[PDB]
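Residue numbers (the entry's author numbering): 355 to 617. Note that the Cβ used here is the ideal one computed from N, Cα and C, for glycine as well.
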Ligand SMILES: Nc1ncnc2c1ncn2[C@@H]1O[C@H](COP(=O)(O)OP(=O)(O)O)[C@@H](O)[C@H]1O
Ligand SMILES: CC(C)Oc1ccc2cccc(-n3cc(NC(N)=O)c(C(N)=O)n3)c2c1
């Protein structure tokens, strides 16, 4: 089962604060060390989430952070995840800026691409892929996390394309216009993630408001090439940012293309 009883969890240390609550390092009885995220009441549709648990627990891949289960005996509920020692990728890049070899940055993109190729085959859409949603583990492995979570977030300012906190910077035109999510909209987001990785954690379109990003993208403007990205890597980024979803590569194609470049 995916239900974890409160007696099977022990909170050891606070890791940090998230959008919807605290994150602790803890232990899960007879299992492993875990990261536990406490979810503020009202932040997510808990009943909708619990309905998909039996199906979603079957997803397992080396490049996806495992969500082991939920502790829901009383509010606030807890989500129990695999512990990722080095934390989020966006912070990891920013803190180690200037210490990365270009091969390591391409390797991080390849780990994410592998995890995303598994979700694409599984017909699971992430909806908010970004470096902030990737985590860094043992020996600097990158794993994707939080796929599908925006379908349960109750704050309309984040989930509505016309909302003030919407992640427009990682959104394809059909997502920011119509909320038309697909694995091809995740490919657009993946191109922005590659830009974040090769820029060592810079924020995309930092000099633009959300409406300015929409106008810029719609008139054909794209993110500039980071210094560390080769012209071949930047070409693949641009393929992710094609206006028509049908013209973007699938993750299965990107994985082969990026691997050929790396190997
Ligand atoms: N699985 C995990 N393992 C280790 N640290 C984690 C894990 N999930 C989240 N964290 C850490 O918890 C903090 C907040 O996490 P996150 O829940 O992603 O907040 P937010 O959703 O606002 O980004 C960050 O410092 C992040 O590195
Ligand atoms: C206990 C888990 C399996 O329950 C759910 C229920 C609904 C879900 C809906 C969307 C996505 C889910 N989801 C998210 C996951 N992992 C991370 N790191 O976010 C996993 C997994 N199997 O590792 N499943 C869900 C996971």
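I'd like to confirm something about residue i: is its beta-carbon nearer than 7 Å to some heavy atom of ligand 3, or not?
i	result
residue 500	Within the structure as shown, ligand 3 is missing, the only ligands being ligand 1 and ligand 2.
Once you ignore the five residues that flank residue i on each side, which residues in its own chain have a CB closer than 6 Å to its CB?
i	result
residue 485	443, 444, 547 and 550
residue 474	537 and 605
residue 366	379 and 380
residue 392	375, 376, 430 and 432
residue 480	501 and 540
residue 407	356
residue 592	none
residue 390	378, 380, 432 and 434
Can you name the start and end residues of the beta strand (DSSP E) that residue i belongs to?
i	result
residue 382	376 to 382
residue 566	Not the beta strand (DSSP E): residue 566 falls in the alpha helix (DSSP H), residues 564 to 572.
residue 364	363 to 371
residue 497	496 to 498
residue 489	488 to 490
Using a Cβ-based criterion (distance less than 7 Å to any ligand heavy atom), does residue i qualify as near ligand 2?
i	result
residue 595	no
residue 466	no
residue 511	no
residue 413	yes
residue 421	yes
residue 407	yes
residue 398	no
residue 542	no
residue 366	no
residue 503	yes
residue 418	yes
residue 424	yes
residue 356	yes
residue 410	yes
residue 403	yes
Excluding sequence positions up to five away, which residues of its chain have a Cβ less than 7 Å from the Cβ of residue i?
i	result
residue 571	527
residue 383	362
residue 495	465
residue 643	With the chain represented from 355 up to 617, any question about residue 643 goes unanswered, as that position is not in the structure.
residue 562	570
residue 510	517
Please list the terminal residues of the continuous alpha helix (DSSP H) segment that includes residue i.
i	result
residue 443	443 to 449
residue 538	537 to 552
residue 594	585 to 594
residue 614	605 to 616
residue 522	Premise fails: residue 522 is in no alpha helix (DSSP H) and is neither H nor E.
residue 529	527 to 532
residue 513	510 to 513
Short of 8 Å in beta carbon distance, which residues of its chain neighbour residue i, apart from the five on each side in sequence? Order them along the chain.
i	result
residue 448	554 and 555
residue 582	454, 456, 459, 552, 553 and 554
Using the beta carbon as the reference atom, which residues fall closer than 5 Å to any heavy atom of ligand 1, ordered along the chain?
The set, ordered by position in the chain, is 369, 370, 372, 373, 377, 389, 435, 437, 438, 441 and 442.
Quick one: complete beta strand (DSSP E) runs, 3+ long, within the segment 382 to 469?
DSSP runs (the beta strand (DSSP E)) wholly in the segment 382 to 469: 386 to 392, 421 to 425 and 432 to 436.
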